[PDB]
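Notes for the one structure printed next.
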2 protein chains.
Amino acid sequence: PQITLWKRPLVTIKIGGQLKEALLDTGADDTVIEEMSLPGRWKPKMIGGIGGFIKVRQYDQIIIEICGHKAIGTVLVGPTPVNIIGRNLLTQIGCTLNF
Amino acid sequence: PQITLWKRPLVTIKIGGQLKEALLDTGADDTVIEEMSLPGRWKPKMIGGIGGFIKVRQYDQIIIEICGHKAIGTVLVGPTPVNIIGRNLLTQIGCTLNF
Ligand SMILES: NC(=O)c1ccc(S(=O)(=O)N(CCCc2ccccc2)[C@H]2CNC[C@@H]2NCc2ccc(C(F)(F)F)cc2)cc1
Ligand SMILES: [Cl-]
Ligand SMILES: [Cl-]
Ligand SMILES: [Cl-]
């Protein structure tokens with residue numbers, strides 16, 4: 001698909017058996033999801049930007065379905081205002097910026 | 001161009017006759033630039049980031065070139081981790097997400 005940017009590029013994802021709405025975010029290095037349970041070990045991480053930093057839990061080797069495309073990678077879980085699909089998973093679905 | 005996301009999508013912009021580096025950020029509603037001098041009056045704006053909300057200065061109808069493409073629009077000035085080209089100007093230059 002081709003997604004314009006007149007509004008936020010929100011999509012439905014499936015993660016940990018749950019459906020969520022998430023933002024395709026080329027400015028994010030990492031994928032960041034609101035509080036939920038995920039399998040496996042985790043370690044703490046701090047991520048930041050405008051407004052400062054938040055503490056998140058880093059889970060590795062997590063599968064996410066995004067628009068029919070399955071991708072695996074690291075997912076950070078914490079008090080993010082919006083669910084964010086970052087570059088680490090955008091690459092895996094072959095997402096590019098074009099102009 | 002077509003820009004992949006294996007690295008941060010950093011490009012050169014020109015604003016106020018000066019070249020700067022900026023991030024093409026589909027997760028940003030707005031364009032936010034580090035402290036600099038812009039012409040005209042400004043208005044107050046509050047934007048929310050990953051870590052919380054902050055105040056910035058809003059300048060309208062500012063001339064800016066992004067990767068060689070001319071745009072004219074709203075530029076916010078404030079304490080941003082990096083210069084951010086958000087959706088307001090990504091749309092002007094015809095930027096889409098594709099996968
Ligand atoms: N309204 C707006 O225009 C707006 C909204 C939010 C932000 S933001 O939170 O600062 N901001 C830009 C931060 C980009 C950046 C930060 C630090 C170093 C390099 C690059 C937002 C907007 N889109 C991307 C970024 N998304 C939040 C975010 C921050 C960090 C990470 C992690 F570190 F994990 F990767 C993931 C997600 C900036 C502008
Ligand atoms: Cl990853
Ligand atoms: Cl003010
Ligand atoms: Cl604008």
Side-chain angles (χ1 to χ4, degrees), chain A residues 5-10 22-34 42-60 62 73-91 95 97, chain B residues 5-6 8-11 13 15 20-34 38 40-66 69 71-95 97:
Chain A
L5 297 167
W6 299 109
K7 63 181 185 176
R8 293 186 175 177
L10 298 168
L23 178 65
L24 305 175
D25 191 339
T26 60
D29 295 340
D30 309 306
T31 292
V32 195
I33 304 294
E34 69 203 340
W42 59 270
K43 58 190 174 188
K45 189 179 166 68
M46 300 291 301
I47 60 172
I50 286 180
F53 285 70
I54 61 168
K55 187 177 179 188
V56 298
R57 302 191 318 277
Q58 178 185 330
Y59 292 87
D60 299 317
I62 302 297
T74 294
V75 175
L76 310 181
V77 177
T80 179
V82 169
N83 295 320
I84 297 302
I85 304 304
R87 293 190 296 100
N88 74 306
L89 297 179
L90 296 174
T91 57
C95 186
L97 290 161
Chain B
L5 298 169
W6 306 98
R8 291 185 175 170
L10 296 163
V11 301
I13 63 165
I15 185 173
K20 298 177 188 289
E21 180 174 82
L23 182 66
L24 302 181
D25 194 337
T26 58
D29 299 336
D30 313 293
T31 290
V32 193
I33 302 293
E34 295 177 317
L38 290 173
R41 289 182 58 83
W42 61 275
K43 301 174 181 180
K45 187 170 175 74
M46 295 278 299
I47 61 183
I50 185 67
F53 287 82
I54 65 163
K55 299 187 168 186
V56 299
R57 309 199 303 280
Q58 176 177 332
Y59 296 84
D60 297 323
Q61 217 162 143
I62 295 298
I63 296 170
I64 178 176
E65 204 175 69
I66 301 153
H69 293 243
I72 307 176
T74 299
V75 174
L76 314 183
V77 179
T80 180
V82 293
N83 298 317
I84 297 295
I85 307 306
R87 291 188 299 97
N88 69 310
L89 301 184
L90 295 173
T91 65
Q92 281 199 24
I93 69 174
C95 187
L97 287 165

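In listed order, ligands and their atoms are each counted from 1. A note on names: the letters A, B, ... follow the listed sequences, proteins ahead of strands, and every chain is numbered from 1.
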| query | Given side chains that start at C-beta, do those of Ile84(A) and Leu76(A) come closer than 4.5 Å, heavy atoms only? | reply | no
| query | Got an N/O contact under 3.5 Å between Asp30(A) and ligand 1? | reply | no
| query | Heavy-atom contacts under 4.0 Å between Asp29(A) and ligand 1: side chain, backbone, both, or neither? | reply | both
| message | Could you identify the single nearest non-hydrogen protein atom to atom 20 (C) of ligand 1 and state the distance to 0.1 Å? | response | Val82(B) CG2, 3.8 Å
| said: One residue to check: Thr26(B). Relative to ligand 1, which of side chain, backbone, both or neither has a non-hydrogen atom less than 4.0 Å away? | reply: neither
| said: Does either side chain, that of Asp60(B) or that of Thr74(B), offer a donor lying less than 3.5 Å from an acceptor on the other one? | reply: yes
| request: Look only at interatomic distance and state if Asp25(A) has a nitrogen or oxygen under 3.5 Å from any nitrogen or oxygen of ligand 1. | output: yes
| request: Among all protein heavy atoms, pick the one closest to atom 37 (C) of ligand 1 and tell me residue, atom and distance. | output: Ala28(A) CB, 3.5 Å
| Which protein non-hydrogen atom lies closest to atom 30 (C) of ligand 1, naming both residue and atom, and how far is it? | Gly48(A) O, 3.6 Å
| said: Looking at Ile33(B), is its backbone amide N or carbonyl O close enough to the side chain of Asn83(B) to form a donor-acceptor pair, meaning the two atoms are under 3.5 Å apart? | reply: no
| request: Return yes if some donor-acceptor pair links the side-chain N/O of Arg57(A) with the main-chain N/O of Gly78(A) below 3.5 Å, else return no. | output: no
| task | May I ask you to decide if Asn88(B)'s main-chain N or O and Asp30(B)'s side chain share a donor-acceptor pair within less than 3.5 Å? | result | no
| note | Ranked by distance from atom 18 (C) of ligand 1, the top protein heavy atom is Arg8(B) NH2, 3.7 Å
| field | Reference residue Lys45(B); test side-chain contact (heavy atoms from CB on, under 4.5 Å); the match among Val56(B), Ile54(B), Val77(B), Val32(B) | value | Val56(B)
| task | Among all protein heavy atoms, pick out the one at the shortest distance from atom 16 (C) of ligand 1; state its residue, atom name and that distance to 0.1 Å. | result | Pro81(B) CG, 3.5 Å
| query | Measuring from the heavy atoms of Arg87(A), does anything fall under 4.0 Å of ligand 1? | reply | no
| Test item: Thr26(B) side-chain N/O and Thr26(A) main-chain N/O as donor-acceptor pair under 3.5 Å | yes
| With a 4.5 Å heavy-atom cut-off, do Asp29(A) and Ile47(A) have their side chains touching? | no
| said: What protein heavy atom lies closest to atom 14 (C) of ligand 1? Include the residue and the distance to one decimal. | reply: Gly27(A) O, 3.4 Å
| task | Please determine if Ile50(B) has a nitrogen or oxygen closer than 3.5 Å to a nitrogen or oxygen of ligand 1. | result | yes
